[PDB]
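Notes for the structure review
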Amino acid sequence: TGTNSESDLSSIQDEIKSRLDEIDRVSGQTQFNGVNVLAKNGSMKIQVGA
Amino acid sequence: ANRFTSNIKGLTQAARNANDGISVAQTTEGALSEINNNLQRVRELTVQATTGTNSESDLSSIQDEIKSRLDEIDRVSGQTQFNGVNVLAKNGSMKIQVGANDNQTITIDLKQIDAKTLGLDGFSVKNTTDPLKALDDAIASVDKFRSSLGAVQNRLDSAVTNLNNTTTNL
Amino acid sequence: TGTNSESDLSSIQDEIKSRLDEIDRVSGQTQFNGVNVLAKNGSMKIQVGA
Amino acid sequence: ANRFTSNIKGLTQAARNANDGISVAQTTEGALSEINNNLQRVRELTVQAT
Amino acid sequence: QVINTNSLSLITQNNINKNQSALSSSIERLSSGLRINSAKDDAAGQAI
Amino acid sequence: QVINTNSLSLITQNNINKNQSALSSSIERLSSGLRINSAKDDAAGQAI
Amino acid sequence: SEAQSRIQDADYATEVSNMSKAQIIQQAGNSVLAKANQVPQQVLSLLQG
Amino acid sequence: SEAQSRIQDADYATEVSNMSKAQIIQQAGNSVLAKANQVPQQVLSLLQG
Amino acid sequence: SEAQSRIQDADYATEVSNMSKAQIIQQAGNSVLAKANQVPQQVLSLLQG
């Protein structure tokens, strides 16, 4: 928006960068049974037969 | 539903944004109204001054009053700022985000209104040819800007109403 | 009306043009579920049967 | 909003200040009016004396 | 029976918001005494 | 519905303040009997 | 001056009528809003039994 | 001043509606929590015979 | 005397408006306080069952 001054844009960018860093954190940190699921392209194979 | 929620939040934020443009236009219009009053008084002064009855000292006093009001016009032009933006100090434009996507802007126009941009630079009635014509020209040139501001205000209000209805429906 | 001067007509036309632009903008930008309903002649088919 | 509140308070205080200048001008004008009356009477006296 | 959305309340608020403008304009006109208080009103009548 | 700001009341007060000056000037002129009661009125007429 | 009055001045009767109508509309809308917010209470009865 | 009002101030209609909705949600959640805690009782019936 | 009045005397319109607004704010705050004290009752329902 054109009404916002430079300091307002600075504050908005600060908050946005904080949330983007939070997104990256949550992506990197989540770990199930020693597996970082949202950190690398991969695949799991579930044995559902005898 | 995810896309719908995104649209709801965007449209609400857009309506909030449009309110800001409405406020900007209102403030600028108030300043313009004061400038118009000063110009009207100056025109009355010139009508009184362009008479053979007046002596030289009377013309000097009239010129003193006219110059004081012209300096008041220039000061009101220069000093009036909104959110750290001197609206009446430079030709420019504002782009009001009134939509959820990108490039959804309603353009507000701001014209530098002062003595230099009105032809009243050095306006004197003592020792200016055709003073009344120039004064009327300045009055009409500020009236045009006022009309443009009013049109922008009406457009923004209609936009706010439409966004409210669309947000409710979505 | 004959009483209006040229400047009055100019101001009225300014407002009229602004409102017409608003109409065009509302038409173009009104989008539902990634579909611009009021931007192109078309038809939707609603499945109301088994 | 913080900046807006600052501007509001500043403008109110500025109007309060301007009232004082109006008062000063009024007082000086009254004194000058009395001086003018005295000067007029002095002129009449000189006309009578010459 | 939805309790995550109260659409009727939204409609009522929209109607109230629509009504607000008429009340504001009427009170402004009564206070000032002039029908044209801003360029948004007419502005052709205002220029005249 | 805002109860922290009463914009309409501010407009009404502004209009009343605008009106006050005309009443004051009219009463002053009626009491004194002279149209030019101060330099702010004309002061060219006052000098004359 | 009379023409300017016929252009810019307002008719007090019409303004008074419009203001009264607006006040009535506002109070009616407020009451209807109260009723609308009171409507969803039946779900509590549903859960309670 | 009116711009600052249009920026920082709140609209009481929306706030009242949201408050009522939140209260209803809280009560409903409490009832569902009570039901959820009553769910595991069937194991006692299983053990009883 | 006029100069002193312009400094020390009050403007009754502004004072009356501020008084009315303050009274409205006080009554609103009283209502919100009553509702806030009413809020914690849900724990009683939690404990009851």
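Structure determination for this entry, per the PDB record, employed cryo-EM and reached 3.21 Å resolution.

1. Observations regarding the overall build of chain E
Counting secondary structure elements, chain E contains two helices and zero strands. A principal-axis box enclosing the C-alpha atoms of chain E has dimensions of 55 × 20 × 10 Å. Counting over 48 residues, chain E shows a buried share of 38%. Only carbon and sulfur atoms are counted for the fraction: they give 50% of the accessible area of chain E, which is about 2500 Å².

2. A word on helix α2 (residues 12-38) of chain H
Under the 1.5 Å per step criterion, the end-to-end length of α2 of chain H is 39 Å for 27 residues, consistent within 8% with the ideal 39 Å. Along α2 of chain H, the positions that sit buried rather than exposed are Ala13, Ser17, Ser20, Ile24, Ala28 and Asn30 of chain H. Summarising the contacts, the buried residues of α2 of chain H are in contact with α1 (7-32) of chain E, α2 (12-38) and α3 (42-48) of chain G together with α3 (42-48) of chain I.

3. Looking at the pairing of strand β2 (residues 105-110) of chain B
Residue and element names in this part refer to chain B. Because side chains alternate across β2, one face comprises the buried residues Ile106, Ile108 and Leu110, and the other comprises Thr105, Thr107 and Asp109, none of which is buried. Where strand β1 (residues 92-97) meets β2, six bridges bridge the pair, whose relative direction is antiparallel. Each bridged residue has a counterpart across the sheet, and for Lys95 the counterpart in β2 is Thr107.

4. Points about the interface of chain E and chain G
On the side of chain G, 22 residues touch chain E, which itself brings 21 residues to the contact. Contact between chain E and chain G buries roughly 1900 Å² in total, counting both sides, with carbon and sulfur atoms accounting for 66%. The interface formed by chain E and chain G holds one salt bridge in total. Note that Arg29 of chain E is salt-bridged to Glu15 of chain G, the shortest N-O span being 3.3 Å. Remark: the boundary between chain E and chain G carries seven residue pairs in polar contact. Counting residues per element, the side of chain E that touches chain G draws most heavily on α1 of chain E, which supplies twelve residues. Of the residues contributing to the side of chain E that touches chain G, the split by class is nine nonpolar, ten polar and two charged.

5. What about the arrangement of the chains?
There are 19 pairs of chains in contact here, and the one with the most contacts is chains E and G. The two partners chain B and chain G share no contact, and the minimum distance between any of their C-alpha atoms is 15 Å.

6. Thoughts on the environment of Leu170 of chain B
Residue placement: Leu170 of chain B occurs in the segment after α3 (131-169). Sequence-wise, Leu170 of chain B and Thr129 of chain B are 41 residues apart; in three dimensions their C-alpha atoms are separated by 63 Å.

7. Digging into the pattern of salt bridges
Here the structure, examined in full by the defined rule, presents 18 salt bridges over all chains. Across the pair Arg25 of chain C and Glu22 of chain C runs a salt bridge, and its minimum N-O distance is 3.0 Å. Here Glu22 of chain C and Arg25 of chain C lie together in helix α1 (residues 6-29), a separation of three residues that amounts to about one turn. Judged by its relative accessible area of 13%, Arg25 of chain C falls in the buried class. Between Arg41 of chain D and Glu44 of chain D there is a salt bridge, and its shortest N-O distance comes to 3.8 Å. Linking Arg41 of chain D with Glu44 of chain D, this pair stays in helix α1 (residues 2-49), spanning three residues, or about one helical turn. Note on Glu44 of chain D: relative accessible area 51%, which makes it exposed. One salt-bridge network, in which partners are shared between bridges, spans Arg155 of chain B together with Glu22 and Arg25 of chain C.

8. Here we look at the interface of chain H and chain I
On the side of chain I, four residues touch chain H, which itself brings six residues to the contact. Regarding the contact of chain H and chain I, the summed buried area is about 530 Å², with carbon and sulfur atoms giving 63% of it. Summed over the shared surface of chain H and chain I, the number is zero salt bridges. At the surface where chain H touches chain I, the tally comes to zero residue pairs in polar contact. Tallied by class, the residues present in the side of chain H that touches chain I amount to three nonpolar, three polar and no charged.

9. Things to note about the side chain of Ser17 of chain I
Looking at the element boundaries, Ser17 of chain I is found in helix α2 (residues 12-38). Here the side chain of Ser17 of chain I touches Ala13 of chain I through a polar contact of 2.9 Å, landing on its backbone oxygen. One polar contact links the side chain of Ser17 of chain I to the main-chain carbonyl oxygen of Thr14 of chain I, over a distance of 2.6 Å. Not counting chain neighbours up to four residues away, the residues in contact with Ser17 of chain I comprise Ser9 and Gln13 of chain F.

10. Looking at the nonpolar core
All names here are of chain B. Ranked by size, the top nonpolar core spans 46 residues in total, and within it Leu39, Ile66, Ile108, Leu120 and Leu156 carry the most contacts. The element best represented in this core is helix α1 (residues 2-49), accounting for 13 residues. Residues within four places of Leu120 in sequence aside, it is in contact with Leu39, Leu70, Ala115, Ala134, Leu135 and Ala138.

Criteria and cut-off values
- Residues numbered from 1 in each chain as written, not as in the entry; some residues may be left out.
- Chains lettered and ligands numbered in written order.
- Part of a larger assembly, values for the part shown.
- Heavy atoms only, no water.
- Helix = DSSP H or I, 4+ residues; strand = E, 2+ residues; numbered from the N terminus.
- Buried < 20%, exposed > 50% of the residue type's maximum accessible area, 1.4 Å probe, protein only.
- Areas by Shrake-Rupley, 256 points an atom, 1.4 Å probe, with all protein chains shown as cover.
- Expected span 1.5 Å × (residues − 1).
- Contact = heavy atoms within 4.5 Å.
- Pairing = 2+ DSSP bridges.
- Buried area = accessible area lost by both parts, 1.4 Å probe.
- Salt bridge = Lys/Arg side-chain N within 4 Å of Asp/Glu carboxyl O.
- Polar contact = N/O pair within 3.5 Å; in protein donor to acceptor, adjacent residues only side chain to side chain.
- Nonpolar A, V, L, I, M, F, W, Y, C, P; charged D, E, K, R; others polar.
- Core = buried A, V, L, I, M, F, W, Y, C linked by side-chain atoms within 4.5 Å.

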